[PDB]
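Written out below as structure tokens is the structure these notes cover.
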Amino acid sequence: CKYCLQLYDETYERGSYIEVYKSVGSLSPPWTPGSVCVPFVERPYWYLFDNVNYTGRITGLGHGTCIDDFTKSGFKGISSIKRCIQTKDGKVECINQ
């Protein structure tokens with residue numbers, strides 16, 4: 001997928017994976033991937049949250065970014081995911097009021 005969020009079972013982008021294509025407001029139980037990437041490429045930008053409905057801790061990933069060891073990031077378990085857009089200016093508007 002060109003825009004999707006990639007969630008890998010193992011660290012450093014190994015093992016089985018899941019592709020996510022759009023925002024999802026609750027994942028139960030929470031998803032605990034080893035690593036997460038967004039493909040290189042407007043530009044997709046993804047927010048991962050440790051609570052449902054786009055609340056809680058927030059880890060964001062722009063296009064071409066991998067988190068190689070997601071277990072060592074801000075939180076281990078993803079409860080919701082928001083798909084956004086990063087504008088040519090570099091800003092992401094999807095969580096703004």
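Scheme for the structure tokens: letters A, B, ... for chains in order shown; per-chain residue numbers from 1; ligand numbers from 1 in order shown.
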Inset, instruction - Within 12 Å of residue 44 in chain A, counting only C-alpha atoms, which residues show up once you throw out same-chain ones fewer than 5 positions away? Write them as a ChimeraX atom specification, please. - result: /A:1-5,21-23,37-39,60-65,82-88,90-94
How would the residues just chosen look if you wrote them out with N, CA and C atoms as a PDB file, in the first residue's frame?
```pdb
ATOM      1  N   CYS A   1       0.902  -1.191   0.000  1.00  0.00           N
ATOM      2  CA  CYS A   1       0.000   0.000   0.000  1.00  0.00           C
ATOM      3  C   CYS A   1       0.938   1.239   0.000  1.00  0.00           C
ATOM      4  N   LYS A   2       0.405   2.274  -0.621  1.00  0.00           N
ATOM      5  CA  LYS A   2       1.184   3.442  -0.847  1.00  0.00           C
ATOM      6  C   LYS A   2       1.041   4.374   0.325  1.00  0.00           C
ATOM      7  N   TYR A   3      -0.080   4.298   1.031  1.00  0.00           N
ATOM      8  CA  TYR A   3      -0.327   5.316   2.058  1.00  0.00           C
ATOM      9  C   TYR A   3      -0.515   4.769   3.489  1.00  0.00           C
ATOM     10  N   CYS A   4      -0.749   3.440   3.526  1.00  0.00           N
ATOM     11  CA  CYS A   4      -1.186   2.704   4.715  1.00  0.00           C
ATOM     12  C   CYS A   4      -0.170   2.783   5.813  1.00  0.00           C
ATOM     13  N   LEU A   5      -0.615   2.406   6.989  1.00  0.00           N
ATOM     14  CA  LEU A   5       0.219   2.300   8.136  1.00  0.00           C
ATOM     15  C   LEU A   5       0.541   0.809   8.209  1.00  0.00           C
ATOM     16  N   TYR A  21      -5.722   1.163   6.699  1.00  0.00           N
ATOM     17  CA  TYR A  21      -6.026   2.030   5.560  1.00  0.00           C
ATOM     18  C   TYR A  21      -6.775   3.293   5.894  1.00  0.00           C
ATOM     19  N   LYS A  22      -7.333   3.353   7.098  1.00  0.00           N
ATOM     20  CA  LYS A  22      -8.085   4.489   7.520  1.00  0.00           C
ATOM     21  C   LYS A  22      -8.146   4.512   9.038  1.00  0.00           C
ATOM     22  N   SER A  23      -8.631   5.628   9.507  1.00  0.00           N
ATOM     23  CA  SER A  23      -8.776   5.877  10.953  1.00  0.00           C
ATOM     24  C   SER A  23      -9.658   4.821  11.549  1.00  0.00           C
ATOM     25  N   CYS A  37       5.668   1.387  10.514  1.00  0.00           N
ATOM     26  CA  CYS A  37       6.184   2.260   9.481  1.00  0.00           C
ATOM     27  C   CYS A  37       5.036   2.900   8.695  1.00  0.00           C
ATOM     28  N   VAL A  38       5.385   3.979   8.016  1.00  0.00           N
ATOM     29  CA  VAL A  38       4.580   4.606   6.988  1.00  0.00           C
ATOM     30  C   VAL A  38       5.443   4.707   5.733  1.00  0.00           C
ATOM     31  N   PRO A  39       4.936   4.209   4.630  1.00  0.00           N
ATOM     32  CA  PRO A  39       5.738   4.243   3.385  1.00  0.00           C
ATOM     33  C   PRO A  39       6.104   5.659   2.937  1.00  0.00           C
ATOM     34  N   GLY A  60       3.158  10.047  16.677  1.00  0.00           N
ATOM     35  CA  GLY A  60       2.885  10.373  15.321  1.00  0.00           C
ATOM     36  C   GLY A  60       4.034   9.932  14.421  1.00  0.00           C
ATOM     37  N   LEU A  61       3.692   9.579  13.182  1.00  0.00           N
ATOM     38  CA  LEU A  61       4.656   9.091  12.183  1.00  0.00           C
ATOM     39  C   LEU A  61       4.288   9.696  10.864  1.00  0.00           C
ATOM     40  N   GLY A  62       5.266  10.365  10.299  1.00  0.00           N
ATOM     41  CA  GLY A  62       5.168  10.844   8.915  1.00  0.00           C
ATOM     42  C   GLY A  62       5.599   9.837   7.841  1.00  0.00           C
ATOM     43  N   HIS A  63       5.406  10.207   6.569  1.00  0.00           N
ATOM     44  CA  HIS A  63       5.728   9.304   5.531  1.00  0.00           C
ATOM     45  C   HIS A  63       7.228   9.056   5.532  1.00  0.00           C
ATOM     46  N   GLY A  64       7.513   7.794   5.264  1.00  0.00           N
ATOM     47  CA  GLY A  64       8.883   7.270   5.236  1.00  0.00           C
ATOM     48  C   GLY A  64       9.476   6.989   6.619  1.00  0.00           C
ATOM     49  N   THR A  65       8.763   7.231   7.711  1.00  0.00           N
ATOM     50  CA  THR A  65       9.270   6.984   9.061  1.00  0.00           C
ATOM     51  C   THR A  65       8.932   5.518   9.484  1.00  0.00           C
ATOM     52  N   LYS A  82      -5.387   7.408  14.012  1.00  0.00           N
ATOM     53  CA  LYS A  82      -5.975   8.438  13.123  1.00  0.00           C
ATOM     54  C   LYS A  82      -5.093   8.671  11.904  1.00  0.00           C
ATOM     55  N   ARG A  83      -5.701   8.588  10.742  1.00  0.00           N
ATOM     56  CA  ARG A  83      -5.045   8.905   9.475  1.00  0.00           C
ATOM     57  C   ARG A  83      -5.272  10.361   9.103  1.00  0.00           C
ATOM     58  N   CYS A  84      -4.152  11.053   8.893  1.00  0.00           N
ATOM     59  CA  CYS A  84      -4.165  12.440   8.576  1.00  0.00           C
ATOM     60  C   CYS A  84      -3.325  12.781   7.357  1.00  0.00           C
ATOM     61  N   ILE A  85      -3.218  14.096   7.126  1.00  0.00           N
ATOM     62  CA  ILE A  85      -2.482  14.612   5.978  1.00  0.00           C
ATOM     63  C   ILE A  85      -1.481  15.591   6.483  1.00  0.00           C
ATOM     64  N   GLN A  86      -0.261  15.535   5.958  1.00  0.00           N
ATOM     65  CA  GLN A  86       0.733  16.554   6.270  1.00  0.00           C
ATOM     66  C   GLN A  86       0.849  17.438   5.022  1.00  0.00           C
ATOM     67  N   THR A  87       0.619  18.746   5.177  1.00  0.00           N
ATOM     68  CA  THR A  87       0.587  19.701   4.041  1.00  0.00           C
ATOM     69  C   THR A  87       2.002  20.034   3.639  1.00  0.00           C
ATOM     70  N   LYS A  88       2.173  20.489   2.392  1.00  0.00           N
ATOM     71  CA  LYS A  88       3.513  20.827   1.873  1.00  0.00           C
ATOM     72  C   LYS A  88       4.293  21.793   2.802  1.00  0.00           C
ATOM     73  N   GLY A  90       4.267  21.405   5.951  1.00  0.00           N
ATOM     74  CA  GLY A  90       4.772  20.548   7.031  1.00  0.00           C
ATOM     75  C   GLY A  90       3.854  20.365   8.232  1.00  0.00           C
ATOM     76  N   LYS A  91       2.661  20.957   8.190  1.00  0.00           N
ATOM     77  CA  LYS A  91       1.721  20.830   9.291  1.00  0.00           C
ATOM     78  C   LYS A  91       0.545  19.821   9.024  1.00  0.00           C
ATOM     79  N   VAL A  92       0.010  19.381  10.135  1.00  0.00           N
ATOM     80  CA  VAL A  92      -0.937  18.297  10.192  1.00  0.00           C
ATOM     81  C   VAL A  92      -2.025  18.923  10.966  1.00  0.00           C
ATOM     82  N   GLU A  93      -3.216  18.934  10.397  1.00  0.00           N
ATOM     83  CA  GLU A  93      -4.327  19.673  10.990  1.00  0.00           C
ATOM     84  C   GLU A  93      -5.366  18.806  11.732  1.00  0.00           C
ATOM     85  N   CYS A  94      -5.232  17.477  11.650  1.00  0.00           N
ATOM     86  CA  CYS A  94      -6.328  16.600  12.046  1.00  0.00           C
ATOM     87  C   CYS A  94      -6.646  16.557  13.537  1.00  0.00           C
TER      88      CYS A  94
END
```
Legend entry - Per-residue DSSP, chain A, filtered to helix (DSSP H, G or I), as a list in words: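 Residues of chain A classed as helix (DSSP H, G or I): residues 11, 12, 13, 70, 71 and 72 of chain A.
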Mind writing the picked residues with N, CA and C atoms as a PDB file, in the first residue's frame?
```pdb
ATOM      1  N   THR A  11      10.313  -6.528  15.986  1.00  0.00           N
ATOM      2  CA  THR A  11      11.076  -5.316  15.824  1.00  0.00           C
ATOM      3  C   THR A  11      11.828  -5.335  14.504  1.00  0.00           C
ATOM      4  N   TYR A  12      12.268  -4.156  14.087  1.00  0.00           N
ATOM      5  CA  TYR A  12      12.960  -3.913  12.826  1.00  0.00           C
ATOM      6  C   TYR A  12      12.248  -4.489  11.593  1.00  0.00           C
ATOM      7  N   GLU A  13      10.925  -4.326  11.584  1.00  0.00           N
ATOM      8  CA  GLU A  13      10.121  -4.598  10.381  1.00  0.00           C
ATOM      9  C   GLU A  13      10.199  -6.065   9.922  1.00  0.00           C
ATOM     10  N   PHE A  70       8.933  -0.505  18.651  1.00  0.00           N
ATOM     11  CA  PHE A  70       7.764   0.197  19.149  1.00  0.00           C
ATOM     12  C   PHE A  70       7.523  -0.124  20.643  1.00  0.00           C
ATOM     13  N   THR A  71       8.063  -1.241  21.090  1.00  0.00           N
ATOM     14  CA  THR A  71       7.950  -1.654  22.480  1.00  0.00           C
ATOM     15  C   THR A  71       8.652  -0.677  23.381  1.00  0.00           C
ATOM     16  N   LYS A  72       9.607   0.080  22.845  1.00  0.00           N
ATOM     17  CA  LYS A  72      10.380   1.072  23.555  1.00  0.00           C
ATOM     18  C   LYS A  72       9.990   2.511  23.321  1.00  0.00           C
TER      19      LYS A  72
END
```
Legend entry - Residues flagged strand (DSSP E) by DSSP in chain A, as number ranges by chain: A: 5-8, 17-20, 35-37, 43-51, 55-62, 66-67, 80-86
With N, CA, C and O atoms retained, export the selected residues as a short mmCIF file (atom, residue, chain, number, x, y, z; two decimals), in the first residue's frame.
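Writing the result to again39.cif gives the following:
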```
data_model
loop_
_atom_site.label_atom_id
_atom_site.label_comp_id
_atom_site.auth_asym_id
_atom_site.auth_seq_id
_atom_site.Cartn_x
_atom_site.Cartn_y
_atom_site.Cartn_z
N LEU A 5 -0.61 2.41 6.99
CA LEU A 5 0.22 2.30 8.14
C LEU A 5 0.54 0.81 8.21
O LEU A 5 -0.40 -0.08 8.09
N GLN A 6 1.83 0.49 8.41
CA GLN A 6 2.29 -0.88 8.53
C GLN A 6 2.69 -1.24 9.94
O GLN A 6 3.48 -0.51 10.53
N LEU A 7 2.11 -2.32 10.51
CA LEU A 7 2.34 -2.71 11.85
C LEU A 7 2.92 -4.13 11.82
O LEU A 7 2.26 -5.08 11.32
N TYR A 8 4.14 -4.25 12.28
CA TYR A 8 4.87 -5.53 12.22
C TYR A 8 4.89 -6.20 13.54
O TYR A 8 5.04 -5.53 14.56
N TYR A 17 2.68 -8.91 9.33
CA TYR A 17 2.28 -7.51 9.50
C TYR A 17 0.85 -7.32 9.08
O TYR A 17 0.19 -8.20 8.47
N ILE A 18 0.33 -6.17 9.52
CA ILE A 18 -1.01 -5.75 9.25
C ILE A 18 -0.90 -4.39 8.60
O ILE A 18 -0.08 -3.59 9.00
N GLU A 19 -1.77 -4.12 7.61
CA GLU A 19 -1.89 -2.82 6.98
C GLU A 19 -3.19 -2.14 7.44
O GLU A 19 -4.27 -2.77 7.52
N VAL A 20 -3.07 -0.88 7.79
CA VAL A 20 -4.25 -0.13 8.22
C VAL A 20 -4.47 0.99 7.19
O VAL A 20 -3.52 1.73 6.84
N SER A 35 7.17 -3.11 15.59
CA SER A 35 7.59 -1.98 14.82
C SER A 35 6.46 -1.46 13.93
O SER A 35 5.57 -2.18 13.64
N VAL A 36 6.56 -0.21 13.50
CA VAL A 36 5.51 0.46 12.75
C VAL A 36 6.19 1.36 11.74
O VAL A 36 7.14 2.05 12.07
N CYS A 37 5.67 1.39 10.51
CA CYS A 37 6.18 2.26 9.48
C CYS A 37 5.04 2.90 8.70
O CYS A 37 3.95 2.36 8.58
N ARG A 43 1.09 14.04 1.62
CA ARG A 43 1.89 13.14 2.39
C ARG A 43 1.02 12.64 3.52
O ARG A 43 0.47 13.45 4.28
N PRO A 44 0.89 11.30 3.65
CA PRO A 44 0.18 10.75 4.79
C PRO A 44 0.90 11.02 6.10
O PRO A 44 2.14 11.18 6.14
N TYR A 45 0.11 11.19 7.16
CA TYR A 45 0.69 11.34 8.51
C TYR A 45 -0.23 10.58 9.44
O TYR A 45 -1.43 10.73 9.32
N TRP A 46 0.32 9.75 10.34
CA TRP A 46 -0.51 8.89 11.16
C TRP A 46 -0.30 9.17 12.64
O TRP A 46 0.83 9.33 13.07
N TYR A 47 -1.37 9.26 13.42
CA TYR A 47 -1.30 9.31 14.87
C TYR A 47 -1.79 8.02 15.50
O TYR A 47 -2.87 7.47 15.17
N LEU A 48 -1.00 7.51 16.43
CA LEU A 48 -1.35 6.34 17.25
C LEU A 48 -1.58 6.78 18.67
O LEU A 48 -0.84 7.64 19.17
N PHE A 49 -2.62 6.26 19.32
CA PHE A 49 -3.05 6.67 20.60
C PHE A 49 -3.16 5.49 21.56
O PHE A 49 -3.54 4.38 21.13
N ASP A 50 -2.88 5.70 22.87
CA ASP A 50 -2.99 4.58 23.81
C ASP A 50 -4.35 4.51 24.49
O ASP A 50 -4.53 3.65 25.35
N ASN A 51 -5.33 5.33 24.05
CA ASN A 51 -6.70 5.14 24.50
C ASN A 51 -7.59 5.28 23.33
O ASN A 51 -7.14 5.56 22.22
N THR A 55 -7.63 9.64 22.07
CA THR A 55 -7.22 10.27 23.29
C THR A 55 -6.05 9.50 23.87
O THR A 55 -5.70 8.41 23.45
N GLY A 56 -5.46 10.08 24.92
CA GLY A 56 -4.33 9.41 25.58
C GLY A 56 -2.99 9.86 25.03
O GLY A 56 -2.86 10.96 24.46
N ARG A 57 -1.96 9.05 25.30
CA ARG A 57 -0.64 9.27 24.75
C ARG A 57 -0.77 9.22 23.21
O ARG A 57 -1.59 8.49 22.64
N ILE A 58 0.10 9.98 22.55
CA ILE A 58 0.09 10.18 21.10
C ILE A 58 1.49 9.99 20.56
O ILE A 58 2.45 10.66 21.02
N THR A 59 1.61 9.11 19.53
CA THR A 59 2.84 8.90 18.81
C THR A 59 2.48 9.10 17.36
O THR A 59 1.64 8.36 16.79
N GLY A 60 3.16 10.05 16.68
CA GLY A 60 2.89 10.37 15.32
C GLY A 60 4.03 9.93 14.42
O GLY A 60 5.17 9.84 14.87
N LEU A 61 3.69 9.58 13.18
CA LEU A 61 4.66 9.09 12.18
C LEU A 61 4.29 9.70 10.86
O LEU A 61 3.13 9.60 10.38
N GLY A 62 5.27 10.36 10.30
CA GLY A 62 5.17 10.84 8.92
C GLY A 62 5.60 9.84 7.84
O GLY A 62 6.09 8.74 8.11
N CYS A 66 9.91 4.83 10.09
CA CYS A 66 9.66 3.62 10.89
C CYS A 66 10.02 3.85 12.37
O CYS A 66 11.00 4.62 12.70
N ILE A 67 9.19 3.32 13.26
CA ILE A 67 9.64 3.10 14.61
C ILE A 67 10.14 1.67 14.75
O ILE A 67 9.37 0.73 14.70
N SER A 80 -6.26 3.37 19.43
CA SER A 80 -6.94 4.01 18.26
C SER A 80 -5.88 4.58 17.36
O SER A 80 -4.72 4.88 17.76
N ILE A 81 -6.25 4.82 16.13
CA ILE A 81 -5.31 5.25 15.14
C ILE A 81 -6.02 6.27 14.27
O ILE A 81 -7.13 5.96 13.77
N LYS A 82 -5.39 7.41 14.01
CA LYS A 82 -5.98 8.44 13.12
C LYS A 82 -5.09 8.67 11.90
O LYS A 82 -3.91 8.80 12.04
N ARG A 83 -5.70 8.59 10.74
CA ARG A 83 -5.04 8.90 9.48
C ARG A 83 -5.27 10.36 9.10
O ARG A 83 -6.41 10.86 9.11
N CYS A 84 -4.15 11.05 8.89
CA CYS A 84 -4.17 12.44 8.58
C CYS A 84 -3.32 12.78 7.36
O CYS A 84 -2.78 11.91 6.66
N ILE A 85 -3.22 14.10 7.13
CA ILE A 85 -2.48 14.61 5.98
C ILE A 85 -1.48 15.59 6.48
O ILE A 85 -1.79 16.39 7.39
N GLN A 86 -0.26 15.53 5.96
CA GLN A 86 0.73 16.55 6.27
C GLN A 86 0.85 17.44 5.02
O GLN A 86 1.13 16.90 3.95
#
```
Inset, instruction - Please identify all polymer residues within 7 Å of residue 10 in chain A, counting only C-alpha atoms, omitting same-chain residues fewer than 4 positions from it, and present them as a ChimeraX atom specification. - result: /A:14-15,33-35
